[PDB]
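First the structure, in the form of structure tokens, and then the observations on it.
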Amino acid sequence: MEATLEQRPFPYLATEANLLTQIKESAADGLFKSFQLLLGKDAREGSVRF
Amino acid sequence: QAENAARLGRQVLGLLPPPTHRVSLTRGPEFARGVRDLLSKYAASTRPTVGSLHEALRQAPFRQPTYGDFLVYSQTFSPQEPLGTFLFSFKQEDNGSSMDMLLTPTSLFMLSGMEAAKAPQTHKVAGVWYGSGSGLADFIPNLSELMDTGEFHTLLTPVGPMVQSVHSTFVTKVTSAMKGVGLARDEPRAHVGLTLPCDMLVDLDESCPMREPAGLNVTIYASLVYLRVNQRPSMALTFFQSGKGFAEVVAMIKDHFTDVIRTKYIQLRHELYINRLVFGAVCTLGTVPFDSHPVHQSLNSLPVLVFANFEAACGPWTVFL
Amino acid sequence: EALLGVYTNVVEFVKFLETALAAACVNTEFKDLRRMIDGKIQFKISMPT
Amino acid sequence: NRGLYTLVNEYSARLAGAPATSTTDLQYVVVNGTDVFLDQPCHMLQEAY
Amino acid sequence: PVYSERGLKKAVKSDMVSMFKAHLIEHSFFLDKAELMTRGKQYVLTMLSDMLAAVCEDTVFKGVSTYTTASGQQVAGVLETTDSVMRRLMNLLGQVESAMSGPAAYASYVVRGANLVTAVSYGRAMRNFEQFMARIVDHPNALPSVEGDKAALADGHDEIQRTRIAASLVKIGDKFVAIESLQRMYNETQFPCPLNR
Amino acid sequence: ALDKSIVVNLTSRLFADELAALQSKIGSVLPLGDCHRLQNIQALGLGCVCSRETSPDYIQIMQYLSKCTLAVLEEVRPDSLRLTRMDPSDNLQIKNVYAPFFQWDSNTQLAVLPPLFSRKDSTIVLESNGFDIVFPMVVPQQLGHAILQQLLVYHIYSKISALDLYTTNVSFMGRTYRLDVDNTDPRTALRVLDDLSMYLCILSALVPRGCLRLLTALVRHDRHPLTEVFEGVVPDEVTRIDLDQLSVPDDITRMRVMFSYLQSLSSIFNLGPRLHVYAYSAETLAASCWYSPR
Amino acid sequence: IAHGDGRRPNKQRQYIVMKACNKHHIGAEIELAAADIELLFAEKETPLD
Amino acid sequence: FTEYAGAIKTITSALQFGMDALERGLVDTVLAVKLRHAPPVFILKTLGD
């Protein structure tokens with residue numbers, strides 16, 4: 001089965017390198033597949049359920 | 001087991017309307033210390049915290065719309081739903097005690113009897129929701145003659161979105177919502193937005209830069225056009241979305257329904273019937289926040305819009321021409 | 001099909017005083033622009049002949 | 001026509017539409033892709049020199 | 001990022017399209033033009049340090065200390081050529097250190113523990129479950145911080161006994177580069193090289 | 001609860017000239033575009049649509065007026081204008097100044113209109129900032145509807161000129177006035193006058209015969225005050241229409257549609273938003289109104 | 001950036017990136033002679049063998 | 001709790017999102033001050049003698 005995206009609250013990990021250089025242009029213009037935007041109120045942790 | 005009911009003493013006594021702020025004078029100048037949400041500008045600091053702004057979010061505006069509890073057959077209203085549809089309330093004669101008839105917009109396409117390619121998307125989908133467009137026409141034998149004199153636009157009171165539907169064998173309970181933002185049921189704290197089929201909506205906003213200003217408001221309308229196809233009367237429905245004020249949109253709707261005016265009124269060279277002269281009506285379905293993105297969806301395919309933060313506000317069927 | 005590497009950004013904080021743009025500044029603390037209207041600096045240019 | 005970074009992603013991995021051969025008598029159309037390494041910017045930038 | 005402030009709009013794209021070609025027609029086959037030019041040895045140096053800066057270094061293991069040279073310095077990356085290009089770059093640019101340090105094993109991922117439990121029932125699993133577990137079972141609502149995450153980010157790369165690895169080194173700016181040619185491994189087996197092209 | 005405060009950053013310190021006009025109008029109405037706390041001056045005044053070097057018409061300006069949010073001034077500091085907004089249901093302090101002065105009372109009925117009499121009076125120019133500020137104008141709705149009357153009438157008679165005492169002077173009992181028409185745009189005023197053909201000739205399609213029979217009895221000898229318009233002579237048309245015998249259920253079907261199309265004529269005589277004022281002092285010149293965009 | 005001009009201020013933002021894997025296979029080949037596999041087990045005892 | 005800690009980890013980072021955006025406004029507008037009182041060289045040099 002092909003791996004697809006989910007927005008579930010994984011306890012993410014704290015890297016070192018920046019990533020912000022050329023982003024707002026990039027994933028809006030096809031840098032890769034399975035990107036996901038969030039805009040303010042949507043940038044939160046989803047209601048977990050199972 | 002009162003430990004269950006001690007939770008009920010929490011939720012009920014916390015969720016009350018705010019009391020009328022009233023102070024007897026023998027306390028003195030103390031009344032203004034019970035004035036909290038009239039403030040707006042709170043206390044910033046160097047590194048503020050939840051512990052510094054828990055007061056700033058403890059206050060909250062008081063908002064709750066009211067609902068309409070309906071009793072529906074299991075025939076007019078489909079057992080499947082996307083839970084966020086739009087409704088009407090058909091109105092002929094109070095036969096039953098609590099026996100109500102409702103119309104979804106996807107149903108009301110099949111009640112009309114128009115062409116296929118004028119609305120090509122939902123027609124494949126609205127043929128598996130219901131029959132051949134005659135299971136519902138058995139309930140009103142006037143759907144030819146309601147079209148003649150122009151009384152059908154008078155007999156629709158829009159309601160808005162849905163909240164909940166418990167479904168049984170013959171009888172379906174529909175908890176609707178007017179006036180605002182209905183609290184959801186299967187997901188607590190969620191808020192059931194309004195959903196439209198992508199076929200039925202026609203925007204008025206969109207333009208190339210060529211400039212118009214923002215605001216707080218953009219208003220979903222509801223058109224209803226009496227046309228005539230194959231020398232047989234049949235209505236037509238579209239939607240609108242434009243934060244542009246009532247004086248503009250009536251002057252803009254007529255450009256969209258130009259040819260429909262152009263087809264029918266050629267026929268009245270040889271005849272005239274004063275009941276036929278009425279053309280359409282526009283209701284106001286409420287307000288949408290500014291720059292909230294309508295997120296597209298898909299259902300078995302059927303592209304379905306959504307509006308977060310919709311609040312409902314009905315209106316009269318003002319005729320236009 | 002497991003999960004391999006679940007990563008973030010960490011953004012640091014470079015304030016104004018720690019830059020050296022402020023050689024084009026004289027940074028005074030001040031309490032109430034919600035009172036003050038304008039400002040006033042006065043000079044006398046005495047020119048010999 | 002597609003996204004201008006897929007146009008930089010795909011340009012490194014996917015071979016183009018019927019390019020040349022080499023170590024042949026004539027310019028025969030490519031028929032095996034086990035070995036042929038080439039690229040050409042004539043597609044990606046759409047000119048001729 | 002000097003061009004990409006206002007995004008790819010229809011004027012920005014063709015302005016980039018016309019600047020592939022002023023960079024194509026001039027700087028194609030840059031080492032071959034360096035013969036018949038006056039300057040030469042500096043004009044190639046602003047093609048490597050051109051290229052070395054153009055690569056997006058979004059290495060998550062930038063906090064990880066994988067391949068150090070002698071005396072604890074930093075390896076940026078590796079350019080790989082044919083032999084005849086390695087003849088040129090060895091002349092213009094030295095072999096300054098010629099001995100780097102690095103690991104000589106692998107990093108074992110093992111499904112011992114409760115990963116095996118989620119492996120059997122569920123058709124999905126994890127990596128570093130116990131480090132993943134203590135974030136939620138014992139230590140939530142603390143910030144994602146660097147010092148408390150960098151040491152728990154590698155799974156091998158503080159543990160492998162490192163050793164000397166003989167290879168060629170070079171210094172440009174400060175970013176040390178290793179230089180290799182892959183034809184000894186390819187022109188012994190009569191298979192063609194992919195760097196030849 | 002909610003807050004509203006729109007403070008206006010400004011790039012150049014004002015002079016002593018135009019503070020004294022802006023100190024005079026400390027409480028007024030001016031509509032802006034971008035609904036935020038901070039704002040460039042090129043959005044405050046109405047003059048994004050009504051400048052000098054265009055030919056503005058007061059249909060499109062008024063059409064533009066119903067879009068934007070509306071706002072009330074608080075101070076004029078010499079750099080920063082400080083303004084407060086008008087929510088869709090909110091009470092405030094409006095304090096009228098406007099130069100062709102009309103008298104208000106409590107329980108009055110207001111509207112917002114473009115500057116229709118003297119732009120040079122109503123607009124101050126900001127030559128220390130380039131962008132000028134055009135003020136709108138508040139009028140009670142009896143005169144708020146009466147100005148829009150002759151405007152829709154004047155663009156008709158300007159077209160047949162392809163002289164002025166009758167086609168411009170908007171009258172109130174006590175004071176007549178003069179509109180501001182030399183350079184207008186007769187195209188979007190024509191679009192409104194286009195749609196009247198889509199009503200007025202259709203209002204002529206079902207005209208009740210009994211109501212026309214009444215004018216073969218009213219203005220012949222049974223006259224009234226408000227029927228002096230005909231001046232005692234029947235028109236030529238009514239002698240030609242009333243030959244038919246009456247019958248009631250003919251006109252019952254007729255008058256129901258005449259009932260309906262007059263509801264549609266609201267859509268072409270709309271004001272901007274409306275102001276229902278409940279309390280009005282007379283010596284402070286302050287007021288109190290709940291706003292409603294409609 | 002909080003900038004004090006009339007531009008529309010931008011809210012907090014977010015991006016979500018997910019990268020996949022790609023399988024690879026390598027195939028080698030070995031002859032062995034059947035005379036060889038026989039004399040691995042032979043019971044020889046003699047110095048020719 | 002790990003839904004409750006879902007909000008408090010959001011909202012404090014959503015709080016200090018402004019502090020990472022306000023403090024650029026120092027670096028922005030002080031520059032935007034100095035850019036408004038900065039004539040070019042060809043105007044200042046001819047007046048510098």
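In the structure tokens, chains take letters A, B, ... by order of appearance, with residues numbered from 1 within each chain and ligands from 1 in the order shown.
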
- Just the residues within 8 Å of residue 39 in chain A, please, counting only C-alpha atoms, with nothing from its chain fewer than 3 positions along; format it as a list in words.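 Skipping anything fewer than 3 positions along the chain leaves residues 42 and 43 of chain A; 11, 12, 13 and 14 of chain G.
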
- Assign secondary structure with DSSP using the backbone only, and return the residues of range 3-234 of chain F in strand (DSSP E or B) as a VMD selection string. chain F and resid 6 to 8 29 32 69 71 to 76 81 to 85 91 95 108 to 113 123 to 124 133 to 134 137 to 140 171 to 172 175 to 176

Convert the current residue selection to file output with N, CA and C atoms, as an mmCIF file, in the first residue's frame.
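part.cif written:
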```
data_model
loop_
_atom_site.group_PDB
_atom_site.id
_atom_site.type_symbol
_atom_site.label_atom_id
_atom_site.label_comp_id
_atom_site.auth_asym_id
_atom_site.auth_seq_id
_atom_site.Cartn_x
_atom_site.Cartn_y
_atom_site.Cartn_z
ATOM 1 N N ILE F 6 -8.836 52.080 14.495
ATOM 2 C CA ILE F 6 -8.016 52.125 13.297
ATOM 3 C C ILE F 6 -7.151 53.371 13.404
ATOM 4 N N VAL F 7 -5.900 53.197 13.782
ATOM 5 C CA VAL F 7 -4.957 54.303 13.826
ATOM 6 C C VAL F 7 -4.246 54.349 12.484
ATOM 7 N N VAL F 8 -3.995 55.541 11.976
ATOM 8 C CA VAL F 8 -3.504 55.682 10.615
ATOM 9 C C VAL F 8 -2.085 56.218 10.667
ATOM 10 N N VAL F 29 -17.698 60.759 9.386
ATOM 11 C CA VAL F 29 -17.745 59.441 8.770
ATOM 12 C C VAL F 29 -16.825 59.457 7.563
ATOM 13 N N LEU F 32 -13.198 53.294 4.640
ATOM 14 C CA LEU F 32 -11.913 52.767 4.210
ATOM 15 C C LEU F 32 -12.069 51.349 3.668
ATOM 16 N N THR F 69 -16.393 49.169 4.562
ATOM 17 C CA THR F 69 -16.702 49.433 5.952
ATOM 18 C C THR F 69 -16.669 50.935 6.197
ATOM 19 N N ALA F 71 -16.359 54.281 9.147
ATOM 20 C CA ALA F 71 -15.539 54.543 10.313
ATOM 21 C C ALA F 71 -15.688 55.983 10.773
ATOM 22 N N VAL F 72 -15.389 56.199 12.053
ATOM 23 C CA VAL F 72 -15.616 57.466 12.735
ATOM 24 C C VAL F 72 -14.301 57.935 13.346
ATOM 25 N N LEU F 73 -14.017 59.234 13.221
ATOM 26 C CA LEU F 73 -12.776 59.823 13.704
ATOM 27 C C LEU F 73 -12.804 60.009 15.210
ATOM 28 N N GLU F 74 -11.622 59.945 15.817
ATOM 29 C CA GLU F 74 -11.468 60.230 17.238
ATOM 30 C C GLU F 74 -10.588 61.446 17.476
ATOM 31 N N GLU F 75 -9.369 61.452 16.948
ATOM 32 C CA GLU F 75 -8.428 62.540 17.139
ATOM 33 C C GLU F 75 -7.814 62.908 15.804
ATOM 34 N N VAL F 76 -7.075 64.014 15.801
ATOM 35 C CA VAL F 76 -6.081 64.296 14.769
ATOM 36 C C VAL F 76 -4.813 64.693 15.518
ATOM 37 N N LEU F 81 -3.637 59.943 12.326
ATOM 38 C CA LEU F 81 -5.082 59.917 12.477
ATOM 39 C C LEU F 81 -5.488 58.707 13.300
ATOM 40 N N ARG F 82 -6.479 58.888 14.164
ATOM 41 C CA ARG F 82 -6.982 57.818 15.012
ATOM 42 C C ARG F 82 -8.478 57.684 14.789
ATOM 43 N N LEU F 83 -8.916 56.508 14.354
ATOM 44 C CA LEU F 83 -10.287 56.318 13.913
ATOM 45 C C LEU F 83 -10.906 55.119 14.610
ATOM 46 N N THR F 84 -12.238 55.111 14.653
ATOM 47 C CA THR F 84 -12.991 53.967 15.138
ATOM 48 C C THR F 84 -14.018 53.568 14.091
ATOM 49 N N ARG F 85 -14.340 52.281 14.082
ATOM 50 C CA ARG F 85 -15.020 51.569 13.010
ATOM 51 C C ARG F 85 -16.540 51.617 13.251
ATOM 52 N N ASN F 91 -23.469 50.628 18.686
ATOM 53 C CA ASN F 91 -23.797 52.001 19.023
ATOM 54 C C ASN F 91 -22.532 52.838 19.142
ATOM 55 N N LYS F 95 -21.467 62.865 15.236
ATOM 56 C CA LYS F 95 -21.508 64.264 15.661
ATOM 57 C C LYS F 95 -21.433 65.126 14.405
ATOM 58 N N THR F 108 -34.671 59.984 14.417
ATOM 59 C CA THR F 108 -34.568 60.396 13.030
ATOM 60 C C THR F 108 -34.096 59.225 12.171
ATOM 61 N N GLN F 109 -33.794 59.503 10.904
ATOM 62 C CA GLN F 109 -33.687 58.455 9.895
ATOM 63 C C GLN F 109 -32.633 58.865 8.872
ATOM 64 N N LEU F 110 -31.460 58.228 8.887
ATOM 65 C CA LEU F 110 -30.321 58.767 8.152
ATOM 66 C C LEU F 110 -29.816 57.854 7.044
ATOM 67 N N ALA F 111 -28.931 58.430 6.235
ATOM 68 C CA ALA F 111 -28.294 57.748 5.123
ATOM 69 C C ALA F 111 -26.903 58.330 4.941
ATOM 70 N N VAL F 112 -26.097 57.662 4.123
ATOM 71 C CA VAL F 112 -24.762 58.126 3.773
ATOM 72 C C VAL F 112 -24.721 58.311 2.267
ATOM 73 N N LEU F 113 -24.304 59.486 1.829
ATOM 74 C CA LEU F 113 -24.356 59.898 0.438
ATOM 75 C C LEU F 113 -23.021 60.503 0.030
ATOM 76 N N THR F 123 -14.280 68.544 0.155
ATOM 77 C CA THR F 123 -12.995 67.861 0.091
ATOM 78 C C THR F 123 -11.889 68.832 0.448
ATOM 79 N N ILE F 124 -11.013 68.413 1.326
ATOM 80 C CA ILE F 124 -9.762 69.115 1.536
ATOM 81 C C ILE F 124 -8.689 68.353 0.783
ATOM 82 N N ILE F 133 -8.208 63.705 0.410
ATOM 83 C CA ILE F 133 -9.240 63.031 1.186
ATOM 84 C C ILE F 133 -10.585 63.610 0.789
ATOM 85 N N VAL F 134 -11.484 62.748 0.339
ATOM 86 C CA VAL F 134 -12.828 63.132 -0.063
ATOM 87 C C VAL F 134 -13.784 62.638 1.011
ATOM 88 N N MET F 137 -21.128 62.223 2.911
ATOM 89 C CA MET F 137 -22.069 63.206 3.417
ATOM 90 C C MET F 137 -23.304 62.511 3.958
ATOM 91 N N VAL F 138 -23.684 62.841 5.184
ATOM 92 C CA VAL F 138 -24.854 62.240 5.805
ATOM 93 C C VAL F 138 -26.031 63.192 5.681
ATOM 94 N N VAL F 139 -27.182 62.633 5.332
ATOM 95 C CA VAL F 139 -28.389 63.366 4.960
ATOM 96 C C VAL F 139 -29.541 62.558 5.546
ATOM 97 N N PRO F 140 -30.588 63.167 6.099
ATOM 98 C CA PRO F 140 -31.784 62.388 6.436
ATOM 99 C C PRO F 140 -32.465 61.829 5.193
ATOM 100 N N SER F 171 -35.103 70.201 -4.188
ATOM 101 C CA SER F 171 -35.899 71.053 -3.328
ATOM 102 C C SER F 171 -36.235 70.364 -2.016
ATOM 103 N N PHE F 172 -36.067 71.100 -0.930
ATOM 104 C CA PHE F 172 -36.704 70.805 0.336
ATOM 105 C C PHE F 172 -37.541 72.020 0.703
ATOM 106 N N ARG F 175 -35.689 75.421 1.650
ATOM 107 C CA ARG F 175 -34.427 75.661 0.959
ATOM 108 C C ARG F 175 -34.389 74.832 -0.314
ATOM 109 N N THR F 176 -34.233 75.487 -1.457
ATOM 110 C CA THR F 176 -33.781 74.771 -2.637
ATOM 111 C C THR F 176 -32.257 74.800 -2.682
#
```

- Task: Find the residues around residue 47 in chain E up to 12 Å (only C-alpha atoms counted), leave out those fewer than 5 positions away in its own chain, and share them as JSON, numbers by chain.
- Result: {"E": [23, 27, 28, 29, 30, 31, 34, 40, 41, 42, 52, 53, 54, 172]}

When you look at residue 45 in chain D with a cut-off of 9 Å (counting only C-alpha atoms), what residues show up, excluding the ones that are within fewer than 3 positions of it in the same chain? I need them as a short mmCIF file (atom, residue, chain, number, x, y, z; two decimals) with N, CA and C atoms, in the first residue's frame.
```cif
data_model
loop_
_atom_site.label_atom_id
_atom_site.label_comp_id
_atom_site.auth_asym_id
_atom_site.auth_seq_id
_atom_site.Cartn_x
_atom_site.Cartn_y
_atom_site.Cartn_z
N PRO D 41 19.38 19.79 -23.48
CA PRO D 41 18.62 20.96 -23.07
C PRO D 41 17.75 21.54 -24.17
N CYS D 42 17.71 20.90 -25.34
CA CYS D 42 16.89 21.42 -26.42
C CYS D 42 15.41 21.30 -26.12
N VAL E 17 13.97 32.45 -17.73
CA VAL E 17 14.23 31.66 -18.93
C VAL E 17 15.34 32.28 -19.75
N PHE E 20 18.86 31.36 -18.09
CA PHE E 20 19.55 30.09 -18.24
C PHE E 20 20.65 30.21 -19.28
N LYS E 21 20.39 30.99 -20.32
CA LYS E 21 21.13 30.92 -21.57
C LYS E 21 22.34 31.83 -21.57
#
```

- Message: At a cut-off of 8 Å, which residues of chain B touch chain H? Count only C-alpha atoms and give the answer as a ChimeraX atom specification.
- Response: /B:48-50

- Would you kindly report the residues of chain B within 12 Å of chain G, using only C-alpha atoms, as a VMD selection string? chain B and resid 213 to 214 291

- Query: Within 12 Å of residue 136 in chain E, counting only C-alpha atoms, which residues qualify if same-chain residues fewer than 4 places away don't, as a list in words?
  - Reply: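 Here the answer would be residues 9, 10, 11 and 12 of chain A; 129, 130, 131, 132, 140, 141 and 142 of chain E; 1, 2, 3, 5 and 6 of chain H.
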
Just the selected residues (N, CA, C and O atoms), exported as a PDB file, in the first residue's frame, please.
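Generated output (again.pdb):
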```pdb
ATOM      1  N   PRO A   9      -1.019  14.373  15.345  1.00  0.00           N
ATOM      2  CA  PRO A   9       0.009  14.992  16.187  1.00  0.00           C
ATOM      3  C   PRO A   9       1.116  14.052  16.605  1.00  0.00           C
ATOM      4  O   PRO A   9       1.151  13.598  17.751  1.00  0.00           O
ATOM      5  N   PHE A  10       2.016  13.754  15.680  1.00  0.00           N
ATOM      6  CA  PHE A  10       3.232  13.066  16.053  1.00  0.00           C
ATOM      7  C   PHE A  10       4.061  13.988  16.936  1.00  0.00           C
ATOM      8  O   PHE A  10       4.122  15.194  16.692  1.00  0.00           O
ATOM      9  N   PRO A  11       4.675  13.477  17.947  1.00  0.00           N
ATOM     10  CA  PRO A  11       5.596  14.300  18.728  1.00  0.00           C
ATOM     11  C   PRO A  11       6.905  14.514  17.993  1.00  0.00           C
ATOM     12  O   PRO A  11       7.867  13.762  18.169  1.00  0.00           O
ATOM     13  N   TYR A  12       6.921  15.550  17.157  1.00  0.00           N
ATOM     14  CA  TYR A  12       7.988  15.846  16.215  1.00  0.00           C
ATOM     15  C   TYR A  12       9.319  16.118  16.930  1.00  0.00           C
ATOM     16  O   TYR A  12       9.379  16.305  18.145  1.00  0.00           O
TER      17      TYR A  12
ATOM     18  N   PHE E 129      11.293   3.410  19.483  1.00  0.00           N
ATOM     19  CA  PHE E 129      10.016   3.454  20.182  1.00  0.00           C
ATOM     20  C   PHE E 129      10.153   4.003  21.592  1.00  0.00           C
ATOM     21  O   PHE E 129       9.302   4.779  22.032  1.00  0.00           O
ATOM     22  N   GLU E 130      11.185   3.585  22.326  1.00  0.00           N
ATOM     23  CA  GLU E 130      11.332   4.032  23.708  1.00  0.00           C
ATOM     24  C   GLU E 130      11.616   5.525  23.773  1.00  0.00           C
ATOM     25  O   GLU E 130      11.077   6.225  24.635  1.00  0.00           O
ATOM     26  N   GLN E 131      12.444   6.031  22.860  1.00  0.00           N
ATOM     27  CA  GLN E 131      12.641   7.471  22.760  1.00  0.00           C
ATOM     28  C   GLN E 131      11.373   8.161  22.285  1.00  0.00           C
ATOM     29  O   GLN E 131      11.078   9.286  22.700  1.00  0.00           O
ATOM     30  N   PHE E 132      10.603   7.489  21.439  1.00  0.00           N
ATOM     31  CA  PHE E 132       9.299   7.996  21.060  1.00  0.00           C
ATOM     32  C   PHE E 132       8.307   7.902  22.214  1.00  0.00           C
ATOM     33  O   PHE E 132       7.377   8.709  22.290  1.00  0.00           O
ATOM     34  N   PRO E 140       5.498  15.000  28.526  1.00  0.00           N
ATOM     35  CA  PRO E 140       4.887  15.885  27.529  1.00  0.00           C
ATOM     36  C   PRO E 140       5.101  17.334  27.893  1.00  0.00           C
ATOM     37  O   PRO E 140       5.949  17.639  28.735  1.00  0.00           O
ATOM     38  N   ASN E 141       4.372  18.202  27.182  1.00  0.00           N
ATOM     39  CA  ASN E 141       4.256  19.662  27.277  1.00  0.00           C
ATOM     40  C   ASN E 141       5.570  20.370  27.587  1.00  0.00           C
ATOM     41  O   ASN E 141       5.624  21.312  28.381  1.00  0.00           O
ATOM     42  N   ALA E 142       6.636  19.906  26.957  1.00  0.00           N
ATOM     43  CA  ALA E 142       7.901  20.607  26.938  1.00  0.00           C
ATOM     44  C   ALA E 142       8.282  20.829  25.487  1.00  0.00           C
ATOM     45  O   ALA E 142       7.880  20.072  24.600  1.00  0.00           O
TER      46      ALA E 142
ATOM     47  N   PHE H   1      -5.235  14.824  28.808  1.00  0.00           N
ATOM     48  CA  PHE H   1      -4.025  15.573  29.112  1.00  0.00           C
ATOM     49  C   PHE H   1      -3.173  15.758  27.864  1.00  0.00           C
ATOM     50  O   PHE H   1      -2.752  16.874  27.551  1.00  0.00           O
ATOM     51  N   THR H   2      -2.948  14.684  27.110  1.00  0.00           N
ATOM     52  CA  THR H   2      -2.192  14.850  25.876  1.00  0.00           C
ATOM     53  C   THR H   2      -3.034  15.421  24.744  1.00  0.00           C
ATOM     54  O   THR H   2      -2.519  15.604  23.636  1.00  0.00           O
ATOM     55  N   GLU H   3      -4.311  15.689  24.983  1.00  0.00           N
ATOM     56  CA  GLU H   3      -5.019  16.664  24.176  1.00  0.00           C
ATOM     57  C   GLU H   3      -4.926  18.055  24.786  1.00  0.00           C
ATOM     58  O   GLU H   3      -4.831  19.045  24.050  1.00  0.00           O
ATOM     59  N   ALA H   5      -2.316  19.080  26.627  1.00  0.00           N
ATOM     60  CA  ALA H   5      -0.975  19.502  26.263  1.00  0.00           C
ATOM     61  C   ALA H   5      -0.833  19.750  24.773  1.00  0.00           C
ATOM     62  O   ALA H   5       0.172  20.330  24.355  1.00  0.00           O
ATOM     63  N   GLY H   6      -1.798  19.317  23.964  1.00  0.00           N
ATOM     64  CA  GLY H   6      -1.808  19.697  22.568  1.00  0.00           C
ATOM     65  C   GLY H   6      -2.094  21.168  22.365  1.00  0.00           C
ATOM     66  O   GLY H   6      -1.564  21.784  21.438  1.00  0.00           O
TER      67      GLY H   6
END
```

- Item | Neighbour list for residue 33 in chain D as a list in words, cut-off 12 Å, only C-alpha atoms, skip fewer than 6 positions in-chain |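 Skipping anything fewer than 6 positions along the chain leaves residues 14, 15, 16, 17, 18, 19, 20 and 21 of chain D.
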
- Identify which of the residues B:189, B:257, B:250, B:158 lies closest to chain A, counting only C-alpha atoms when measuring atom-to-atom distances.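 Closest residue, counting only C-alpha atoms: B:189.
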
- Query: Hey, which of B:55, B:37, B:259, B:205 ends up closest to chain F? Count only C-alpha atoms.
  - Reply: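 That would be B:37, the residue with the smallest distance to chain F.
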
- Quick one: which residues from chain E are at most 6 Å off chain A, using only C-alpha atoms, as a list in words?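 Taken together, these residues fit the definition: residues 7, 63, 144, 145, 146 and 149 of chain E.
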
Store the residues of this selection in a file with C-alpha atoms, as a PDB file, in the first residue's frame.
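Output file selection.pdb follows:
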```
ATOM      1  CA  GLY E   7       7.089  34.526  -6.796  1.00  0.00           C
ATOM      2  CA  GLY E  63      24.077  18.606  14.067  1.00  0.00           C
ATOM      3  CA  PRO E 144      11.091  20.781  21.004  1.00  0.00           C
ATOM      4  CA  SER E 145      14.584  21.883  21.991  1.00  0.00           C
ATOM      5  CA  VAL E 146      17.847  21.256  20.185  1.00  0.00           C
ATOM      6  CA  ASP E 149      16.928  16.187  20.734  1.00  0.00           C
TER       7      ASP E 149
END
```

- Query: Taking only C-alpha atoms into account, what are the residues of chain H at most 9 Å from chain G, put as a PyMOL selection string?
  - Reply: chain H and resi 14+17-18+20-26+28-29

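Here CA of residue 275 in chain B is placed at a distance of 10.9 Å from CA of residue 145 in chain B.
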
- Give the helix (DSSP H, G or I) residues of range 2-42 of chain G, as DSSP finds them on the backbone, and put them as a PyMOL selection string. chain G and resi 34-38

Within 6 Å of chain G, which residues of chain A show up? Give each one with its shortest atom-to-atom distance in Å (one decimal) and the two atoms involved, counting only C-alpha atoms, rows by chain then rising residue number, as a Markdown table.
```
| residue | atom | partner | partner_atom | distance |
| --- | --- | --- | --- | --- |
| A:35 | CA | G:17 | CA | 5.2 |
| A:36 | CA | G:16 | CA | 4.9 |
| A:37 | CA | G:15 | CA | 5.0 |
| A:38 | CA | G:14 | CA | 5.1 |
| A:39 | CA | G:13 | CA | 5.2 |
| A:40 | CA | G:12 | CA | 4.8 |
```

- Mind checking which residues fall within 12 Å of range 8-15 of chain B, counting only C-alpha atoms, ignoring those fewer than 4 positions away in the same chain, and posting them as a PyMOL selection string? chain B and resi 1-4+19+62-64

How would the residues just chosen look if you wrote them out with N, CA, C and O atoms as a tab-separated table (two decimals), in the first residue's frame?
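In the end it all went to out_19.tsv:
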```
chain	number	residue	atom	x	y	z
B	1	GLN	N	-22.44	7.58	43.09
B	1	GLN	CA	-23.10	7.80	41.81
B	1	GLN	C	-23.49	9.26	41.65
B	1	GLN	O	-23.81	9.71	40.55
B	2	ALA	N	-23.44	10.01	42.75
B	2	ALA	CA	-23.55	11.46	42.67
B	2	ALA	C	-22.29	12.09	42.09
B	2	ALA	O	-22.32	13.26	41.69
B	3	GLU	N	-21.19	11.33	42.04
B	3	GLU	CA	-19.99	11.77	41.34
B	3	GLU	C	-20.24	11.93	39.85
B	3	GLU	O	-19.56	12.72	39.18
B	4	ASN	N	-21.20	11.18	39.30
B	4	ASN	CA	-21.72	11.51	37.99
B	4	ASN	C	-22.43	12.86	38.03
B	4	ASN	O	-22.14	13.74	37.22
B	19	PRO	N	-26.00	36.78	33.82
B	19	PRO	CA	-27.10	37.46	34.51
B	19	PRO	C	-27.08	38.96	34.25
B	19	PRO	O	-26.08	39.53	33.82
B	62	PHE	N	-21.08	36.06	23.70
B	62	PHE	CA	-22.22	35.18	23.94
B	62	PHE	C	-22.94	34.93	22.63
B	62	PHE	O	-23.59	35.83	22.09
B	63	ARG	N	-22.83	33.71	22.11
B	63	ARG	CA	-23.35	33.38	20.79
B	63	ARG	C	-24.05	32.03	20.86
B	63	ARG	O	-23.40	31.03	21.17
B	64	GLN	N	-25.36	32.00	20.56
B	64	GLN	CA	-25.97	30.72	20.21
B	64	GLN	C	-27.20	30.85	19.33
B	64	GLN	O	-28.18	31.49	19.72
```
